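So the sequences go chain by chain: S and U. When you line the first sequence up against the UniProt record's numbering, it's residues 175 to 469, 501 to 728, 739 to 781, 789 to 836, in that order. Just so we're aligned, residue 512 is where the second sequence starts under the UniProt record's numbering, counting upward by one. Ideal placement from N, C-alpha and C gives every residue a C-beta, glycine not left out. Reading through the structure tokens given below for one structure.
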Amino acid sequence: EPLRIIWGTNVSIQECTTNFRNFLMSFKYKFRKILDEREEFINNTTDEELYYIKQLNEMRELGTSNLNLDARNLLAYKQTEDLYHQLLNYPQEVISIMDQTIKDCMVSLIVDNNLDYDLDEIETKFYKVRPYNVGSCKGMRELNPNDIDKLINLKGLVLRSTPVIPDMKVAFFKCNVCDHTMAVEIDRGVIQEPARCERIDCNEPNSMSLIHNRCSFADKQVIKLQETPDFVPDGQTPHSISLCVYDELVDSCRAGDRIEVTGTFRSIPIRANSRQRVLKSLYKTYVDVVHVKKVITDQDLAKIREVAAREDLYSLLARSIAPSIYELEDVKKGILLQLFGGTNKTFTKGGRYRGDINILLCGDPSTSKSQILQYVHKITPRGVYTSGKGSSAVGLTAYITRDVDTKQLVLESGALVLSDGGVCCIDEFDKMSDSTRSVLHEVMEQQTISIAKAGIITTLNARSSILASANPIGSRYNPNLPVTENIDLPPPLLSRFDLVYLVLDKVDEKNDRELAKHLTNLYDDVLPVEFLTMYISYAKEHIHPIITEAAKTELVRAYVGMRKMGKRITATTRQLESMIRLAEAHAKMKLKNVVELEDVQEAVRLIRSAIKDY
Amino acid sequence: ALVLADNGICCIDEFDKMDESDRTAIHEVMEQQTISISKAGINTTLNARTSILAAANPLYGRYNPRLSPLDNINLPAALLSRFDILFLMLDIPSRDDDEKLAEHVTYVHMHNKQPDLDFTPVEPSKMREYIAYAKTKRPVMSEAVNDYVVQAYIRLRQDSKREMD
DNA sequence: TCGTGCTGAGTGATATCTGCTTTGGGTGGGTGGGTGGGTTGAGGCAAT
DNA sequence: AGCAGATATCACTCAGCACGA
Ligand SMILES: Nc1ncnc2c1ncn2[C@@H]1O[C@H](COP(=O)(O)OP(=O)(O)OP(=O)(O)O)[C@@H](O)[C@H]1O
Ligand SMILES: [Mg+2]
Ligand SMILES: [Zn+2]
């Protein structure tokens, strides 16, 4: 009988197919547990139930096709140890056999179970297998020629990924004489164009045309991978390897992401020049990836509501924001209110009123100010870290650049644009370019960035809050001089921040002693950072407070009283919009849809304390 | 060169003459201990927990007693504050010190060897392996020493405030 | 209406000869282009 | 040296007829 054998070996394809089918049909995780010397963790329900049968059933239910296989499970089964070794040694043929067997079992399940599921849909699908955990991960520097055409594991950091490349699968040809069409498959990238028309009646030789847009294509993408920092032996430039991903694996990993990839180590000849079949002696190595790994519910809503119902929610959130910062309750409260933010109003006849809150953190350099910004970044769902006059940062304004990679013109958005809807923390506000200051003024005034350079006229949304930090001109902030002189910023730009905080490191025996105790000990419940971020996201997404009559009366009375204090002008209309925003944010914090007198009272107090510093 | 200095001391000469871009680079190295690259060509971030050794000259080339220490230093006050220890070295003329210095230099020039014979220098290999052993070691502190350090801190804070007056 | 040549010129086909051109670098040019590469150094200009 | 276009000399298919069966 014809007997099919993998080229260069003595392994029968029929044996591999039957072994894999038996393994898939009958396998339980208890075998893996006993293999891993974890037999005493075996339960009675999950470990005694078929695993891959359930996986196939769930795949059919969800309509997916790809199957994730743990190579160790093959060792966990007596029959498939040889199959595991063959997969490690001859991956291409074994993988093709596994795909066909997976399709066969998928159809056989429906055939045997006489289910009502449509069979034609199944027959027209393509099935694949994605093995992983095939042994210890090697290094990019340990790949010798002996590893060619063998399955390897490699950990690294993604550096770049080319756009989707169309890869040809089936070629479509048309007859120029009889309008007859035929599809010819492609093998090793070689199109098998007919010599002549296949029609008996029309035997016209050499009259076949390839219709490019009517052919079948596939997705391909090339990714550059760099070895992990620990793999560098001395500290030289880390090496890199090229990866290829097809179909579903495309767009499965972005730049800067640490991933683990399983694939086949392959070598391909490189043509000397474009005119000729001549090849270079040296071969190029790459990896044909087959598997990639990266290294709100009802219960969540119930937990959020329970937390909101707590009486001391404000203090709890303030403490959770900055556990490591000592005795800055007011600053933490202001930061919390900024994080929650006010209500964005989209007015017909009026225009746009911003609901963001801006806070300036100025004072002595000894006190902790950058750590607060880092915490705010860690908490805010959206935001970017930047320092004025900083080359490392991407930038505060949109700019037109050249894509070195592609030699293409690309419009890149700045830090403020990327922070749309979030909090943008600027570490060093004091030192900043004039241009950057003008951009900041425009963003805080119009909330949009406009660029009219390089033949492009566009406006980018920048609806983001700002939390900047500043330092005095000298080694300390002089109380005698006014804040404007000390901070060294234009009065206009300094008058746009809703809350201005002057954290000063006055020399006090008690305060110094307590700070020393806190710092040395570093060598009231607190919420996890993840839960706080989720709470902030939910509050900002769902709750929208509205002002009531009592709130209106309280706001009017408070503004009138503040104005009557001072001729010197104690407060301006900006001090009213700031109070409105702060009250709305506080109402947001309590998950309330109505602003009440308590929120207005809290707002007047936070605004007044900053004014008193001013 | 900073990358090669990762997890190690950085030996920077002519610190004051350094360009502002490198000043910002070292500022990022100190405060954040990270090296960040934001380029079209590539975008890689490498951690850098590297110490820095800096040598600089005063603003006028030589220290002027009349001017305050901050005035003589061109670098931003924040960078000076971030430095754990700052050592100021000056050349004060004196008969004895100059005579000993001249004798030492002349002996070194003539005999091509260290003039001192009172003590024998320790072998460099022993010193470096001892340093490695010390680095491998991990100490620990108690509460009493913590309180002593707190007291020293309050005393130093009061003294420094009085001096800065 | 099968078998076996003899004739045959037509309709091929495949075994067989005749002319570029190339690498890359100014020992092919700038009426082939600068998004197919080269490319670091000096020089002049505007915004700063 | 390799590659693409071309010339020309190489066979093979259907064509059909004479003998006899
Ligand atoms: N309330 C506090 N709680 C804890 N640590 C504090 C507090 N105030 C100051 N510190 C300490 O002060 C130091 C300030 O460091 P940080 O990075 O925040 O400085 P900075 O505000 O950026 O300084 P500069 O203006 O000099 O650049 C940190 O060591 C922080 O531990
Ligand atoms: Mg700072
Ligand atoms: Zn045809």
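- residue 608 of chain S versus residue 616 of chain S: straight-line alpha-carbon distance, rounded: Computed Cα separation, rounded: 10 Å.
- For the 8 Å Cβ check, are there 3 or more pairs between the stretch 505–522 of chain S and the stretch 747–761 of chain S? In short, these stretches touch, since the Cβ pair count reaches three.
- CA-CA distance, residue 377 of chain S and residue 345 of chain S? Distance between the alpha carbons of residue 377 of chain S and residue 345 of chain S: 20 Å.
- Task: Let me know the secondary structure DSSP gives residue 537 of chain S once reduced to three states.
- Result: In the structure shown, residue 537 of chain S sits in a helix (DSSP, three-state: H, G or I).
- 8 Å Cβ shell around residue 182 of chain S - same chain, five flanking residues per side excluded: Correct list: empty, nothing qualifies.
- Assuming residue 675 of chain S contacts residue 692 of chain S (C-beta within less than 8 Å), just tell me the rounded distance between them. With a Cβ gap of about 5 Å, residue 675 of chain S and residue 692 of chain S count as contacting.
- Message: On the DSSP letters alone, give me the boundaries of the beta strand (DSSP E) that residue 340 of chain S sits inside.
- Response: Annotation: the continuous beta strand (DSSP E) that includes residue 340 of chain S extends over 339–349.
- Item | Burial state of residue 598 of chain U (16 or more Cβ within 10 Å) | By the 10 Å Cβ count, residue 598 of chain U comes out exposed.
- Query: According to DSSP, which residues form a beta bridge with residue 313 of chain S?
  - Reply: None, per the DSSP bridge assignment.
- Since residue 569 of chain S and residue 813 of chain S are thought to touch, with beta carbons under 8 Å apart, how far apart are those beta carbons, to the nearest angstrom? Cβ-Cβ separation between residue 569 of chain S and residue 813 of chain S: approximately 37 Å, too far for a contact (criterion under 8 Å).
- Query: Can you find a C-beta in chain U that's less than 8 Å from the C-beta of residue 691 of chain S?
  - Reply: Cβ-Cβ to chain U under 8 Å: no for residue 691 of chain S.
- Item | Secondary structure of residue 749 of chain S, DSSP reduced to three states | If DSSP states are grouped into helix, strand and coil, residue 749 of chain S belongs with the helices.
- Query: Are at least three pairs of beta-carbons, each pair with one atom in the stretch 690–707 of chain S and one in the stretch 593–602 of chain S, less than 8 Å apart?
  - Reply: Touching, no.
- Task: Just the chain U side, please: which residues come within less than 7 Å of residue 725 of chain S by C-beta, in chain order?
- Result: Going along chain U in sequence order, the residues near residue 725 of chain S (Cβ under 7 Å) are 657, 660, 661.
- Hey, is residue 529 of chain U's beta-carbon within less than 8 Å of any beta-carbon in chain S? No, because no Cβ of chain S sits closer than 8 Å to the Cβ of residue 529 of chain U.
- Does residue 722 of chain S get closer than 8 Å to chain U when you measure Cβ to Cβ? Taking Cβ atoms only, chain U reaches closer than 8 Å to residue 722 of chain S, which makes this a yes.
- Item | Boundaries (first-last residue) of the beta strand (DSSP E) holding residue 587 of chain S | No beta strand (DSSP E) contains residue 587 of chain S, which DSSP labels as neither H nor E.
- residue 556 of chain S - partner residues in DSSP beta bridges: DSSP, once it has assigned bridges, lists S/552 as partnering residue 556 of chain S.
- Per-residue burial, residue 632 of chain S [other beta carbons within 10 Å of its own, 16 or more giving buried]: Buried.
- Task: Return yes when the Cβ of residue 530 of chain U is within less than 8 Å of the Cβ of residue 585 of chain U, no when it is not.
- Result: Taking 8 Å as the Cβ cut-off, residue 585 of chain U and residue 530 of chain U do not qualify as a contacting pair.
- Query: Near residue 178 of chain S, what residues of its chain come up, given a Cβ to Cβ distance below 8 Å and the 5 sequence neighbours on each side ignored?
  - Reply: The residues are 186, 187, 188.
- Item | beta strand (DSSP E) segments (min. 3 residues) lying fully within the stretch 229–298 of chain S | DSSP runs (the beta strand (DSSP E)) wholly in the stretch 229–298 of chain S: 240–244.
- Query: Would a check of beta-carbon distances place residue 637 of chain U closer than 8 Å to chain S?
  - Reply: The beta carbon of residue 637 of chain U does not come within 8 Å of any beta carbon belonging to chain S, so the residue lies off that interface.
- Taking C-beta to C-beta, are residue 361 of chain S and residue 439 of chain S nearer than 8 Å? No, these two residues do not count as a Cβ contact at 8 Å.
- Listed from N- to C-terminal order along the chain, which residues in the stretch 547–568 of chain U have their beta-carbon within a distance smaller than 9 Å of any beta-carbon of chain S? Residues passing the 9 Å Cβ filter: 547, 548, 549, 550, 551, 552, 553, 554, 555, 556, 557, 558.
- Query: Is there a Cβ from chain U that is less than 8 Å from the Cβ of residue 409 of chain S?
  - Reply: For residue 409 of chain S, the answer is yes, since a Cβ of chain U falls inside 8 Å of its Cβ.
- Query: In chain order, what residues of the same chain lie with their CB nearer than 6 Å to the CB of residue 517 of chain U, ignoring the 5 residues before and after it?
  - Reply: So the list reads 559, 561, once near-sequence residues are dropped.
- Message: Does the CB of residue 676 of chain U have a neighbour CB from chain S at under 8 Å?
- Response: No, its Cβ sits nowhere closer than 8 Å to a Cβ of chain S.
- Count the other CB atoms, across all protein chains shown, that sit within 10 Å of the CB of residue 771 of chain S; report buried if there are 16 or more and exposed otherwise. Residue environment: residue 771 of chain S is assigned as exposed (fewer than 16 neighbouring CB atoms within 10 Å of its CB, all protein chains considered).
- Secondary structure of residue 711 of chain S, DSSP reduced to three states: Of the three classes helix, strand and coil, the one that applies to residue 711 of chain S here is coil, per DSSP.
- Taking contact to mean at least 3 C-beta pairs separated by less than 8 Å, is the stretch 292–306 of chain S in contact with the stretch 233–243 of chain S? Judged by Cβ distances under 8 Å, the stretch 292–306 of chain S makes contact with the stretch 233–243 of chain S, as three or more pairs qualify.
- Item | Burial state of residue 265 of chain S, where buried means 16 or more other Cβ atoms lie within 10 Å | By the 10 Å Cβ count, residue 265 of chain S comes out buried.
- Of the listed residues S/461, S/469, S/231, S/538, nearest to residue 281 of chain S (C-alpha basis): That would be S/231, whose Cα lies nearest to the Cα of residue 281 of chain S.
- Hey, would you say residue 606 of chain S sits closer than 8 Å to residue 619 of chain S, going by beta carbons? Between residue 606 of chain S and residue 619 of chain S, the gap from beta carbon to beta carbon reaches 8 Å or more.
- Which ranges would you report for the beta strand (DSSP E) in the stretch 516–557 of chain U if only whole runs of at least 3 residues count? You should have 520–523, 545–547.
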